[PDB]
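Before any questions on binding or motion, here is one chain by itself as structure tokens, the form deposited in one PDB entry.
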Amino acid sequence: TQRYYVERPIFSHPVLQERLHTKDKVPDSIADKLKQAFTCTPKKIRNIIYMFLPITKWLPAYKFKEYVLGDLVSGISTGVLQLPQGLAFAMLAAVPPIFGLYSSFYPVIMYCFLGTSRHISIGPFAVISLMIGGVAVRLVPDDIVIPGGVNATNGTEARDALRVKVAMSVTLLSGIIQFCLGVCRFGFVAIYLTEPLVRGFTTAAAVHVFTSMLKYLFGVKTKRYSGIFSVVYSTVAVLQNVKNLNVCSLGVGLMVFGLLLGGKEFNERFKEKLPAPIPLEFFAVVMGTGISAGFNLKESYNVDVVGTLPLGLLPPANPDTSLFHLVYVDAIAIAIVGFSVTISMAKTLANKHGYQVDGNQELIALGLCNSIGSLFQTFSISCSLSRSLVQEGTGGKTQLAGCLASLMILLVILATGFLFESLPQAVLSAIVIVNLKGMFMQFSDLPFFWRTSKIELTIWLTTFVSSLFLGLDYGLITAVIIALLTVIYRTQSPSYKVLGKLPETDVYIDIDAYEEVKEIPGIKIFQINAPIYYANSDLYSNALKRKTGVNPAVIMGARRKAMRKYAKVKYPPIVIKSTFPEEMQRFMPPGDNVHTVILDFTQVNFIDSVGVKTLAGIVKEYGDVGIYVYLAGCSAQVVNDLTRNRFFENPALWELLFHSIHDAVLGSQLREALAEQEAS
């Protein structure tokens, strides 16, 4: 083993700069940069095609023998849950359920082509459907007058058609906004969604989904709520109207709930003994529809059912732009939340499988899916969190599982929709609530983040609370801003350390940590692991004066107290010799006799005008009491900040900068040695 041997002079800033000569920057012209960016080599255009059409990349590279079984199983398990989820979220959107079935088919196919993530389940989302239903009922209220040429016994088909038109218009506008954001490179903001923020946001979204499904489980009538505290208002309304519950609907829902939970526990416990998990949502749907049809619960017990499901696909229809001015604000929120849910969950799965998802391409895919689907009577889509978990955890590898689920949905649409006409809505709510269990399991992060990092636990809890009580649109931006402000908190509460020297080395460590580190007599070394910016400068100065025990104000006060008791352009030097008489020095209270204060700037990232002013004040105040202040380890960037401000207006301050702590200590000791040599 070799050894660490260094033999060189003390490197103050002028001494080190005497060795260093400026290098010539290589020419980097912007025009040539653009010209070389517009070369258009075939590899570049192939990469562009892959970036905009990801299916052109992962589909030719499809490992059939390794992927087909997992994709098939995941697709079946995803579709059996996608059908009832589609119907339920169509009910949430104040549109007929067949439109939810449509929204479960086209967008998934288009996202298989345009999407980067290979584990998320594209489809209707409860919160997005709630926003769509809110805007649709605002524009088309229940008490609207429609001269449709019908008798007094109106079947509300015209109202449903008008609400469908409103939903398509808002979906098209949200898709256009999302596509424009994706083109404008907005997806970079996805870097601000940290893992605790994403997980708290998704858990709050799951709680929102659970709240939105309560009225259909109980069979009660409830006002639509959307906005701040919408979850609280909805829960309060449900618990208020629970006295008018439908006992038959609640019984069927709870029965499906219990069997679904039992089956899920059976699947999880016997996972190793089962070739593929049993698709339980399909069994629940079939069993609930059979019980509802056999006992005729629709009118004998007034149990709400799905209703008629027309067969066949609809031709493309141009949405009316004339409603844009009435929905644009809403179309903005749906544009954000729909992205926020999609890019969060994708990340949650991407980090689970060691790949990365392009936020810009996610925005482009979402926008194109929404805008094109609005032509096919599709309302706004997102990522279904619980269904994404089901798809990922069932062995899903690519998005071909989404295509298989869409094919099952298309089978329902084209041929077998009429079988699900008598299916109660309580069964759908029970299915959704049961499948929210995997998302509710994310509450185990609280002990985890408690043990790992309490700041990120705070981020988790703040995101959860803000996205729960406020909306997922205002709550998300609140959480993002607070998570960013956690960095400000970190800089505002740094580790102020007083350093001591490990003997016979150049290693300087916190004096109160190891106890072989010994403080150098007459020298104080103070270290902050933070920048010295404006929100930090005063705290840094106070901590420097407190921890080191060298307060210039206290020193001046003691000198004046002894003065009271004993009685019975061309610049001046920075450090003023203490002209205190020895007879009056007999009145000094005993002290550490510190002649130099070393400020460790190795971990100081930057310093602004306020920090520079504080530093200059510190230097001047310590020089007024005859104490030298040295800066050790100032980076070239921090030196540039000190130079851009007028810190080095006096060139003498240049000799206060040293390369390292050991350089500063040696320079101070040499300064003292020369001073005592010249003294006598």
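We call the rigid core the largest set of C-alpha positions that still match within 1.5 Å between the two forms. A residue's number is simply how far along the shown sequence it sits, counting from 1.
Same protein, other form: the form deposited in another entry, not shown, and the subject of what follows.
- Compared between the shown form and the other one on the core, the listed residues 437, 138, 559, 547 keep their C-alpha shifts below 2 Å, save 138.
- Annotation: Cα of residue 355 displaced by at least 2 Å between the shown form and the other one, core superposition.
- Comparing the forms between the shown form and the other one on their rigid core, the Cα displacement of residue 654 stays under 2 Å.
- Core-superposed comparison between the shown form and the other one: the CA of residue 636 stays below a 2 Å shift.
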